[PDB]
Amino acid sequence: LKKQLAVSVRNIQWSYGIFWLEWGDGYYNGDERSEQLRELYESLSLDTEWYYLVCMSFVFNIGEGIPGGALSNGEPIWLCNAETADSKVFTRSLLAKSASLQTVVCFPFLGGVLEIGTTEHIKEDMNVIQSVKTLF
């Protein structure tokens, strides 16, 4: 799915993407590098680049977090003003403040959940969740 995530985030022009229960794979596409990212994390395991990697063990059960809430509810969870959100449903709150991300979106797809995010204001536009699937 590494290619199918790279083709997705680069075209929609968001900064990162995560497929998810533990990680699946991810793709960075903001302002070689994704690869640079996995190598280091696995190396250390005994601004946005921080965000992306620190996710790697942000693993939630059914209902917990944004992935778990999208999987068990079966619906996308679009999230605005990520740099002031609350931790009741958006578990990596203080981690998103770090890099001035505004929106984070997570939705069920392909028997898992796909997450997408950017550092700009995007009014809830659900045809771009149709773009990730069609383009894949």
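Numbers for residues come from their place in the sequence shown, where the first is 1.
Chain break class for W20 to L21, judged by how many deposited residues have no coordinates | The entry has 4 to 9 unmodelled residues between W20 and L21.
Could you bin the unmodelled part of the deposited chain lying between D31 and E32 as none, 1 to 3, 4 to 9, or 10 or more?
-> The entry leaves 10 or more residues without coordinates here.
Return whichever of 36-44 and 99-107 has the greater mean Cα B factor according to the PDB record.
-> It is 36-44.
Lowest, middle or highest third: where is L94 by C-alpha B factor in its chain?
-> Middle third.
Comparing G24 with the other modelled residues of its chain, is its CA B-factor in the lowest, middle or highest third?
-> As the PDB entry reports it, the C-alpha B-factor of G24 lands in the highest third of its chain.
Comparing against every modelled residue in the chain, figure out the third that the C-alpha B-factor of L71 lands in (lowest, middle or highest).
-> Within its chain, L71 is a middle-third residue by C-alpha B-factor, going by the deposited values.
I129, C-alpha B-factor rank within chain (lowest, middle or highest third) = Bottom third by C-alpha B-factor.
Going by what the PDB entry lists, where does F58 fall on CA B-factor within its chain: lowest, middle or highest third?
-> CA B-factor rank for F58: highest third.
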